[PDB]
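What follows is a short report on a single structure.
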Amino acid sequence: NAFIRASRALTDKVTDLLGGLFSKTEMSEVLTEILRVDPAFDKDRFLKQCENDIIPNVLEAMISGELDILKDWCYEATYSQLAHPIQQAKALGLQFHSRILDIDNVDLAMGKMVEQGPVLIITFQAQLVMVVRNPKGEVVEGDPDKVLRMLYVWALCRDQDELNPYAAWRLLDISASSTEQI
């Protein structure tokens, strides 16, 4: 399909912009650290887990204002930044009616080491419908009839002390941008 190729082309360009002169050695060094604790680690299986588990659960919690779920999936400083806006909305008794339409083009962009552990940076595209309403049912944020096409970049960090490999990754950072006219 033509459209499918264009969206795939956009993802590849983002991966290029995230690939500096030292990206090959930095990725290899991060894999060395991950492999020390999880010898069976595989990049493709990891990306499958991101698409079927990590992304859907975290993104849903974010747009639905589910603070307890979000706190379990994020690092401390990360949670504080995401929580504040949600906490303000709840104080005004606002309602989160946002929903996810689709998620695709999941890919591995780069790797880096941080104090909390090894980091793998992924990207993906998603179609969302954002809408927040007040107690009266009136829309005070977003647009219930508009579909937003987003390009996300997520930094996931691994807890090197976690016994179970399928529960070792948590959200460390996130950036994004709409893809209108692309």
Side-chain angles (χ1 to χ4, degrees), residues 8 10-88 90 96 98 100 102-126 128 150-179:
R8 186 188 303 294
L10 175 59
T11 288
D12 295 316
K13 292 186 185 302
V14 177
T15 290
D16 287 330
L17 295 178
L18 294 175
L21 302 170
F22 316 104
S23 55
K24 270 45 187 296
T25 53
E26 298 193 331
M27 173 64 84
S28 189
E29 301 177 311
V30 174
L31 283 169
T32 293
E33 255 297 295
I34 294 169
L35 290 169
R36 196 172 301 291
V37 174
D38 180 18
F41 186 74
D42 179 85
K43 293 177 179 179
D44 295 313
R45 285 210 304 290
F46 172 69
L47 288 176
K48 292 299 300 186
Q49 166 174 40
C50 287
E51 190 175 343
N52 301 315
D53 175 43
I54 306 183
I55 296 171
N57 284 304
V58 175
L59 225 202
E60 179 69 59
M62 288 182 49
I63 68 175
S64 296
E66 307 179 300
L67 296 176
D68 292 320
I69 295 178
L70 199 54
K71 185 175 182 172
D72 279 351
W73 280 100
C74 306
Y75 273 83
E76 187 182 300
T78 309
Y79 174 73
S80 295
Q81 291 301 306
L82 296 174
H84 287 14
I86 297 172
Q87 286 166 165
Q88 284 177 293
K90 290 180 180 295
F96 299 102
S98 306
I100 298 170
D102 187 55
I103 291 172
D104 70 357
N105 291 108
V106 182
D107 192 41
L108 181 56
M110 63 171 268
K112 70 177 182 182
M113 292 292 321
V114 301
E115 194 292 304
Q116 299 96 314
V119 175
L120 248 30
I121 295 180
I122 64 168
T123 69
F124 68 87
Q125 291 183 52
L128 300 173
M150 310 285 291
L151 189 305
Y152 281 100
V153 181
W154 283 21
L156 297 169
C157 190
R158 197 180 190 293
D159 173 6
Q160 296 297 69
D161 290 309
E162 172 55 40
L163 202 56
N164 173 23
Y166 305 114
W169 300 90
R170 285 180 181 69
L171 184 71
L172 180 64
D173 196 9
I174 164 178
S175 71
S177 176
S178 62
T179 63

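By convention here, the first residue in the shown sequence is residue 1.
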ask   = Going by atom types alone, do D173 and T78 pair a side-chain donor with an acceptor below 3.5 Å?
value = no
ask   = Side-chain donor-acceptor pair under 3.5 Å between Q125 and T11, yes or no?
value =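 Checked: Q125/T11 side chains pair up, N/O donor to acceptor below 3.5 Å.
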Say you draw a straight line from [atom1] of [X] to [atom2] of [Y]; how long is it, rounded to the nearest 0.5 Å?
X    : Y    : atom1 : atom2 : answer
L59  : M150 : CG    : CE    : 9.0 Å
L151 : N105 : CG    : CG    : 8.5 Å
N57  : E66  : CG    : CD    : 9.0 Å
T25  : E29  : OG1   : CD    : 5.0 Å

request  = Would you mind telling me which of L120, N52, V106, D42 makes a side-chain contact (heavy atoms from CB on, under 4.5 Å) with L47?
outcome  =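 Exactly one pass, corresponding to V106.
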Side-chain donor/acceptor of [X] to backbone N/O of [Y], under 3.5 Å:
X    : Y    : answer
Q160 : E33  : yes
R158 : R170 : no
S28  : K24  : no

query = Can you name the side chain to side chain contact (heavy atoms under 4.5 Å, CB included) partners of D102, sequence neighbours left out?
reply = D104, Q127
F124 and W154 aromatic ring geometry - parallel, tilted or perpendicular at 30°/60° bounds =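 If you compare the ring of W154 with that of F124, the planes turn out perpendicular.
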ask   = Does the ring center of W169 lie less than 6.0 Å from the ring center of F46?
value = yes
